[PDB]
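The data block below is protein.cif; it holds mmCIF, C-alpha atoms and all ligand atoms.
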```
data_run
#
loop_
_atom_site.label_atom_id
_atom_site.label_comp_id
_atom_site.auth_asym_id
_atom_site.auth_seq_id
_atom_site.Cartn_x
_atom_site.Cartn_y
_atom_site.Cartn_z
CA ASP D 9 12.26 17.39 -22.75
CA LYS D 10 8.80 18.19 -21.34
CA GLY D 11 9.80 21.65 -20.12
CA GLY D 12 9.53 21.23 -16.36
CA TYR D 13 12.20 21.80 -13.75
CA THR D 14 13.44 19.46 -11.08
CA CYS D 15 11.33 19.89 -7.96
CA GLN D 16 13.09 20.86 -4.79
CA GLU D 17 13.67 17.57 -2.93
CA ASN D 18 10.53 16.49 -1.04
CA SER D 19 8.73 19.77 -1.85
CA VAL D 20 5.77 17.73 -3.19
CA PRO D 21 5.23 15.36 -0.21
CA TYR D 22 1.87 14.04 -1.46
CA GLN D 23 3.39 12.68 -4.68
CA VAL D 24 3.69 8.91 -4.98
CA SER D 25 5.19 6.54 -7.52
CA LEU D 26 3.20 3.46 -8.61
CA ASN D 27 5.63 0.58 -9.18
CA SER D 28 5.08 -2.97 -10.46
CA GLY D 29 8.74 -3.73 -11.15
CA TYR D 30 9.41 -0.23 -12.47
CA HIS D 31 7.79 3.19 -12.21
CA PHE D 32 4.77 3.33 -14.54
CA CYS D 33 2.41 5.96 -13.04
CA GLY D 34 2.13 8.65 -10.38
CA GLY D 35 -0.51 9.28 -7.74
CA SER D 36 -1.49 11.44 -4.76
CA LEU D 37 -1.80 10.63 -1.06
CA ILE D 38 -5.14 11.98 0.19
CA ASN D 39 -5.13 10.45 3.67
CA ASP D 40 -2.87 8.05 5.54
CA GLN D 41 -4.31 4.92 3.89
CA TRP D 42 -5.54 6.06 0.47
CA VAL D 43 -4.02 7.25 -2.82
CA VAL D 44 -5.84 8.65 -5.84
CA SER D 45 -4.58 8.03 -9.38
CA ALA D 46 -5.86 7.52 -12.93
CA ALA D 47 -7.96 4.49 -13.86
CA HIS D 48 -5.82 3.71 -16.91
CA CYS D 49 -2.97 3.07 -14.44
CA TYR D 50 -4.76 -0.06 -13.21
CA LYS D 51 -2.66 -3.18 -12.64
CA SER D 52 -3.52 -6.23 -10.51
CA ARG D 53 -0.43 -5.79 -8.33
CA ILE D 54 0.84 -2.34 -7.36
CA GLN D 55 3.46 -1.18 -4.87
CA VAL D 56 3.20 2.45 -3.76
CA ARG D 57 6.42 4.34 -3.06
CA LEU D 58 6.19 7.44 -0.88
CA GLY D 59 8.78 10.03 0.14
CA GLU D 60 10.64 9.67 -3.16
CA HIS D 61 12.80 12.17 -5.02
CA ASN D 62 15.26 10.05 -7.04
CA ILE D 63 13.36 6.85 -7.84
CA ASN D 64 16.58 5.03 -8.78
CA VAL D 65 18.44 5.48 -5.49
CA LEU D 66 17.55 4.43 -1.93
CA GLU D 67 17.67 7.84 -0.20
CA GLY D 68 16.47 7.02 3.30
CA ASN D 69 13.04 8.72 3.55
CA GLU D 70 11.10 6.31 1.29
CA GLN D 71 8.15 4.19 2.36
CA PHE D 72 7.18 1.14 0.28
CA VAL D 73 3.60 -0.08 0.75
CA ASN D 74 1.54 -2.56 -1.24
CA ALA D 75 -1.93 -1.74 -2.58
CA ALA D 76 -4.59 -3.69 -0.68
CA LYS D 77 -7.63 -2.57 -2.70
CA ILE D 78 -7.75 -0.97 -6.15
CA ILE D 79 -11.04 0.70 -7.05
CA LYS D 80 -11.62 2.30 -10.45
CA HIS D 81 -14.50 4.69 -11.06
CA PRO D 82 -17.51 2.52 -12.01
CA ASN D 83 -18.08 4.60 -15.15
CA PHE D 84 -14.51 4.69 -16.49
CA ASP D 85 -14.36 4.45 -20.30
CA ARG D 86 -11.10 2.98 -21.64
CA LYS D 87 -11.67 4.50 -25.06
CA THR D 88 -12.86 8.05 -24.28
CA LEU D 89 -11.09 8.22 -20.91
CA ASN D 90 -14.14 9.77 -19.26
CA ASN D 91 -14.05 9.30 -15.46
CA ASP D 92 -10.35 8.40 -15.54
CA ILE D 93 -9.94 8.13 -11.77
CA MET D 94 -9.09 5.35 -9.35
CA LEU D 95 -8.59 4.88 -5.60
CA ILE D 96 -5.94 2.68 -4.00
CA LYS D 97 -6.16 1.66 -0.36
CA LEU D 98 -2.78 0.82 1.15
CA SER D 99 -2.00 -2.41 3.00
CA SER D 100 -1.25 -0.37 6.11
CA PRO D 101 -1.28 3.34 7.01
CA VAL D 102 1.88 5.29 6.19
CA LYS D 103 3.87 7.41 8.61
CA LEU D 104 3.13 11.04 7.88
CA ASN D 105 6.07 13.40 8.26
CA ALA D 106 7.65 16.32 6.39
CA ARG D 107 8.51 14.22 3.33
CA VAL D 108 5.27 12.23 3.33
CA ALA D 109 2.06 14.24 3.57
CA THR D 110 -1.50 14.35 2.23
CA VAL D 111 -3.02 16.85 -0.17
CA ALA D 112 -6.49 18.36 0.27
CA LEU D 113 -9.41 17.43 -1.97
CA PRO D 114 -11.06 20.40 -3.72
CA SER D 115 -13.50 22.71 -1.87
CA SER D 116 -14.93 23.61 -5.27
CA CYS D 117 -13.86 23.63 -8.93
CA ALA D 118 -11.02 26.08 -9.58
CA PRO D 119 -11.71 28.64 -12.32
CA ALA D 120 -9.78 28.89 -15.58
CA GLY D 121 -6.65 30.98 -15.15
CA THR D 122 -5.79 29.48 -11.76
CA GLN D 123 -2.05 28.75 -11.60
CA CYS D 124 -1.24 25.15 -10.65
CA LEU D 125 1.64 22.79 -9.95
CA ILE D 126 1.99 19.57 -11.94
CA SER D 127 4.51 16.96 -10.85
CA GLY D 128 5.76 13.59 -12.02
CA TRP D 129 8.78 11.55 -13.02
CA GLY D 130 7.39 11.64 -16.35
CA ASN D 131 8.93 12.75 -19.51
CA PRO D 140 12.82 8.90 -14.96
CA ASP D 141 14.94 9.61 -12.05
CA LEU D 142 14.29 12.96 -10.31
CA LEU D 143 10.80 14.38 -9.68
CA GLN D 144 9.87 17.08 -12.19
CA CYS D 145 7.70 20.13 -11.58
CA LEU D 146 5.74 22.44 -13.86
CA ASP D 147 3.82 25.62 -13.06
CA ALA D 148 0.88 25.96 -15.44
CA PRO D 149 -2.65 27.42 -15.49
CA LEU D 150 -6.04 25.77 -15.85
CA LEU D 151 -7.30 26.64 -19.34
CA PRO D 152 -10.85 27.73 -20.30
CA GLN D 153 -13.08 24.81 -21.44
CA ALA D 154 -13.66 26.51 -24.81
CA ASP D 155 -9.92 26.42 -25.53
CA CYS D 156 -9.69 22.80 -24.39
CA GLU D 157 -12.65 21.97 -26.63
CA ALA D 158 -11.12 23.74 -29.63
CA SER D 159 -7.85 21.81 -29.22
CA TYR D 160 -9.57 18.42 -29.01
CA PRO D 161 -12.77 18.67 -31.10
CA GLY D 162 -15.46 16.35 -29.76
CA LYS D 163 -13.20 14.63 -27.22
CA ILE D 164 -13.61 16.77 -24.10
CA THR D 165 -16.28 15.95 -21.48
CA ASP D 166 -17.32 17.92 -18.37
CA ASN D 167 -15.09 15.58 -16.34
CA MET D 168 -11.97 16.84 -18.07
CA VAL D 169 -9.94 20.03 -17.89
CA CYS D 170 -6.96 21.24 -19.94
CA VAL D 171 -3.94 22.56 -18.07
CA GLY D 172 -0.93 24.08 -19.78
CA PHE D 173 -0.08 26.30 -22.75
CA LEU D 174 -1.74 26.44 -26.17
CA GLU D 175 1.65 27.34 -27.63
CA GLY D 176 2.96 24.08 -26.23
CA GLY D 177 6.52 23.81 -24.97
CA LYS D 178 5.60 22.68 -21.45
CA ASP D 179 3.49 19.65 -20.57
CA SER D 180 3.15 16.40 -18.63
CA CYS D 181 4.19 13.30 -20.59
CA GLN D 182 4.35 9.49 -20.39
CA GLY D 183 5.25 8.43 -16.86
CA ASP D 184 3.20 11.27 -15.35
CA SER D 185 -0.28 9.67 -15.55
CA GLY D 186 -2.18 9.52 -12.29
CA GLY D 187 -0.10 12.33 -10.84
CA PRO D 188 -1.36 15.56 -9.22
CA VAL D 189 -2.32 19.00 -10.47
CA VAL D 190 -2.46 21.10 -7.30
CA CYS D 191 -3.78 24.66 -7.24
CA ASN D 192 -3.90 26.75 -4.08
CA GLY D 193 -3.33 23.70 -1.90
CA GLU D 194 -6.07 21.53 -3.42
CA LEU D 195 -5.94 18.59 -5.80
CA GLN D 196 -7.83 19.85 -8.88
CA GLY D 197 -6.56 17.48 -11.54
CA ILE D 198 -5.09 14.06 -12.32
CA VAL D 199 -2.70 13.62 -15.26
CA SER D 200 -4.66 11.64 -17.87
CA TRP D 201 -4.00 12.11 -21.60
CA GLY D 202 -3.03 14.33 -24.50
CA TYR D 203 -1.99 14.09 -28.15
CA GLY D 204 1.77 13.97 -27.85
CA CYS D 205 3.46 16.11 -25.19
CA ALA D 206 4.15 19.85 -25.31
CA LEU D 207 2.70 20.12 -28.83
CA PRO D 208 1.15 23.44 -29.84
CA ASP D 209 -2.68 23.43 -29.79
CA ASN D 210 -2.71 20.18 -27.82
CA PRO D 211 -2.22 20.91 -24.09
CA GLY D 212 -2.54 18.09 -21.59
CA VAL D 213 -6.00 16.91 -20.51
CA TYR D 214 -6.64 16.09 -16.85
CA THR D 215 -9.39 14.43 -14.86
CA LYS D 216 -11.36 17.21 -13.15
CA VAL D 217 -11.22 16.11 -9.50
CA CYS D 218 -13.87 18.49 -8.14
CA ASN D 219 -16.56 16.39 -9.87
CA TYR D 220 -15.61 13.33 -7.77
CA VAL D 221 -15.20 14.56 -4.21
CA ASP D 222 -18.36 12.83 -2.98
CA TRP D 223 -17.59 9.60 -4.82
CA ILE D 224 -14.12 9.60 -3.24
CA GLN D 225 -15.39 10.27 0.28
CA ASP D 226 -18.23 7.77 -0.07
CA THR D 227 -15.86 5.08 -1.37
CA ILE D 228 -13.30 5.59 1.38
CA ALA D 229 -15.91 5.46 4.15
CA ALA D 230 -17.29 2.20 2.75
CA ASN D 231 -13.93 0.46 2.30
CA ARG W 1 3.04 -11.54 -42.23
CA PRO W 2 0.06 -9.37 -41.14
CA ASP W 3 0.07 -5.66 -42.03
CA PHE W 4 -0.22 -4.41 -38.44
CA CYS W 5 3.20 -5.96 -37.75
CA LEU W 6 4.79 -3.45 -40.10
CA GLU W 7 3.20 -0.46 -38.36
CA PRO W 8 5.38 1.71 -36.09
CA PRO W 9 4.78 1.24 -32.36
CA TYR W 10 1.90 3.33 -31.03
CA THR W 11 2.36 5.03 -27.66
CA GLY W 12 -1.19 6.39 -27.57
CA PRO W 13 -2.57 9.51 -25.82
CA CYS W 14 -2.42 8.26 -22.24
CA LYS W 15 0.58 9.19 -20.14
CA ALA W 16 1.48 6.02 -18.25
CA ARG W 17 4.85 4.40 -18.86
CA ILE W 18 4.24 0.77 -19.69
CA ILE W 19 6.89 -1.28 -21.47
CA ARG W 20 5.42 -3.41 -24.25
CA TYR W 21 6.81 -5.28 -27.22
CA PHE W 22 6.36 -4.47 -30.88
CA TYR W 23 7.69 -6.25 -33.97
CA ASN W 24 10.38 -4.18 -35.71
CA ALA W 25 10.44 -5.12 -39.39
CA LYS W 26 13.63 -3.22 -40.22
CA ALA W 27 15.34 -5.13 -37.39
CA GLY W 28 13.41 -8.30 -38.12
CA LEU W 29 12.58 -8.79 -34.44
CA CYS W 30 10.55 -7.71 -31.44
CA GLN W 31 11.80 -4.85 -29.30
CA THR W 32 10.42 -2.72 -26.50
CA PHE W 33 8.65 0.60 -26.57
CA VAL W 34 6.73 2.79 -24.16
CA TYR W 35 2.96 2.39 -24.27
CA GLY W 36 0.83 5.12 -22.69
CA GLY W 37 -1.80 2.87 -21.16
CA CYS W 38 -4.75 3.25 -23.53
CA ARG W 39 -5.91 2.72 -27.11
CA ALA W 40 -3.29 0.12 -28.04
CA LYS W 41 -2.85 -0.80 -31.68
CA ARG W 42 -2.22 -4.44 -32.67
CA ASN W 43 1.60 -4.22 -32.84
CA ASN W 44 1.65 -4.15 -29.03
CA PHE W 45 2.47 -7.28 -27.02
CA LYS W 46 2.87 -8.06 -23.32
CA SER W 47 5.61 -10.52 -24.25
CA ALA W 48 8.35 -11.14 -26.79
CA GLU W 49 7.18 -14.71 -27.33
CA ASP W 50 3.67 -13.57 -28.25
CA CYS W 51 5.15 -10.83 -30.38
CA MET W 52 7.35 -13.27 -32.30
CA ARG W 53 4.59 -15.87 -32.59
CA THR W 54 2.11 -13.39 -34.03
CA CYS W 55 4.47 -11.32 -36.21
CA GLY W 56 7.38 -13.66 -36.82
CA CA G 301 14.61 7.04 -3.81
#
```
How would this structure read if it were set down as structure tokens?
Ligand SMILES: [Ca+2]
Amino acid sequence: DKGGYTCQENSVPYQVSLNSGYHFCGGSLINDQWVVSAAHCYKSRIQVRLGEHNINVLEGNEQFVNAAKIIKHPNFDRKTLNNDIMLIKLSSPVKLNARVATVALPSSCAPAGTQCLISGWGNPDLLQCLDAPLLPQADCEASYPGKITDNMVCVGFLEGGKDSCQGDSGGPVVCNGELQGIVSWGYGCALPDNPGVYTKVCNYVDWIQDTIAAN
Amino acid sequence: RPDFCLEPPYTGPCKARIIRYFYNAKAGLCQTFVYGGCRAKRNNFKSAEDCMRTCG
């Protein structure tokens, strides 16, 4: 397994599941009509499921809403994964409550060493959680020679053992109440010297705000 | 048949969970595997029919 623990039910209210017949990616609710996820999670038709804990059972607090507009970063590179970020506008606003809430965009870039919370159904039935720190760029660079750009950040452990895995992409990395990362890629999962790589959200706050205001 | 049909399925570095088809030589047929969402190799098909047509 990926080393996480089952999150306390609805303790990560901003977490969403992207579904096109089955769960294939995660995402984060940033306001009542928009979700942020990874660009490699793009699909022409996407249904967003909010308020989920067990994605295989109808629990009663879920909200199912179709994506109305899917906007990938204009500079996304499918090969290098640079700028792996995408915005999804929902068909209608969701009802915000205790199980369905938004997460704040970063005020600034969090420094290495900051402890964060990574969540996803990745490894799917129950939402998994993982407490892990942002790693220094130098360490990230050493683990993935020539593959890390300034729009990426490594989060995890160089000894491996704990990590996000397939099914987690697009999901949140929240540190001190702010969305600092988006699950993107890695070589394997929980492998030593190959911690997960995440889209560094603080580099896109203006793009996000500008895009939402215009759409 | 083409060499890429005999290669093991390639999940890739991305962490999405997308079900794709790949031709399994040992089994002599196309089965499903989890693709990560990026950098697909050739033994990766959106459908069994395309998988069997190409690697049958
Ligand atoms: Ca459910």
Next on the checklist: Nearest residue to residue 42 (chain D) out of D:207, D:143, D:102, D:93, using only C-alpha atoms?
Outcome noted: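 Of all the options, D:102 lies closest to residue 42 (chain D).
Of the listed residues D:144, D:153, D:185, D:18, the one whose atoms come nearest to ligand CA 301 (chain G) is D:18, with distances taken using all atoms listed in the file.
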Next on the checklist: Within 8 Å of chain W, which residues belong to chain D? Use all atoms listed in the file and report them as a PyMOL selection string.
Outcome noted: chain D and resi 31-33+48-49+86-87+180-186+199-204
Please produce an output containing C-alpha atoms for each residue in the selection, written as an mmCIF file, in the coordinates of the input.
```cif
data_model
loop_
_atom_site.group_PDB
_atom_site.id
_atom_site.type_symbol
_atom_site.label_atom_id
_atom_site.label_comp_id
_atom_site.auth_asym_id
_atom_site.auth_seq_id
_atom_site.Cartn_x
_atom_site.Cartn_y
_atom_site.Cartn_z
ATOM 1 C CA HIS D 31 7.790 3.190 -12.210
ATOM 2 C CA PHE D 32 4.770 3.330 -14.540
ATOM 3 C CA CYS D 33 2.410 5.960 -13.040
ATOM 4 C CA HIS D 48 -5.820 3.710 -16.910
ATOM 5 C CA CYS D 49 -2.970 3.070 -14.440
ATOM 6 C CA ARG D 86 -11.100 2.980 -21.640
ATOM 7 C CA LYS D 87 -11.670 4.500 -25.060
ATOM 8 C CA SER D 180 3.150 16.400 -18.630
ATOM 9 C CA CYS D 181 4.190 13.300 -20.590
ATOM 10 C CA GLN D 182 4.350 9.490 -20.390
ATOM 11 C CA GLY D 183 5.250 8.430 -16.860
ATOM 12 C CA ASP D 184 3.200 11.270 -15.350
ATOM 13 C CA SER D 185 -0.280 9.670 -15.550
ATOM 14 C CA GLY D 186 -2.180 9.520 -12.290
ATOM 15 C CA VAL D 199 -2.700 13.620 -15.260
ATOM 16 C CA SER D 200 -4.660 11.640 -17.870
ATOM 17 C CA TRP D 201 -4.000 12.110 -21.600
ATOM 18 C CA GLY D 202 -3.030 14.330 -24.500
ATOM 19 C CA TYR D 203 -1.990 14.090 -28.150
ATOM 20 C CA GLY D 204 1.770 13.970 -27.850
#
```
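When only C-alpha atoms are used to compute distances to residue 88 (chain D), the closest of the residues D:64, D:215, D:69, D:122 turns out to be D:215.
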Next on the checklist: as a PyMOL selection string, please: every protein or nucleic acid residue near ligand CA 301 (chain G) (cut-off 8 Å, counting only C-alpha atoms and all ligand atoms).
Outcome noted: chain D and resi 59-70
Checklist entry - Using all atoms listed in the file, which residue out of W:44, W:2, W:49, W:8 lies closest to residue 26 (chain W)? => result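 Looking at the shortest contact to residue 26 (chain W), the residue is W:8.
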Checklist entry - At what distance in Å, to one decimal, does CA of residue 155 (chain D) lie from CA of residue 224 (chain D)? => result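 Rounded to one decimal, the two atoms are 28.2 Å apart.
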Checklist outcome for this item: Judged by only C-alpha atoms, the minimum distance to residue 108 (chain D) among D:169, D:58, D:47, D:228 is found for D:58
Checklist entry - What does the distance between CA of residue 98 (chain D) and CA of residue 78 (chain D) come to in Å, to one decimal place? => result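 Separating CA of residue 98 (chain D) from CA of residue 78 (chain D) is a distance of 9.0 Å.
Between CA of residue 111 (chain D) and CA of residue 40 (chain D) there is a distance of 10.5 Å.
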Next on the checklist: With distances taken over only C-alpha atoms, which residue among D:14, D:105, D:100, D:45 lies nearest residue 189 (chain D)?
Outcome noted: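 Counting only C-alpha atoms, the residue closest to residue 189 (chain D) is D:45.
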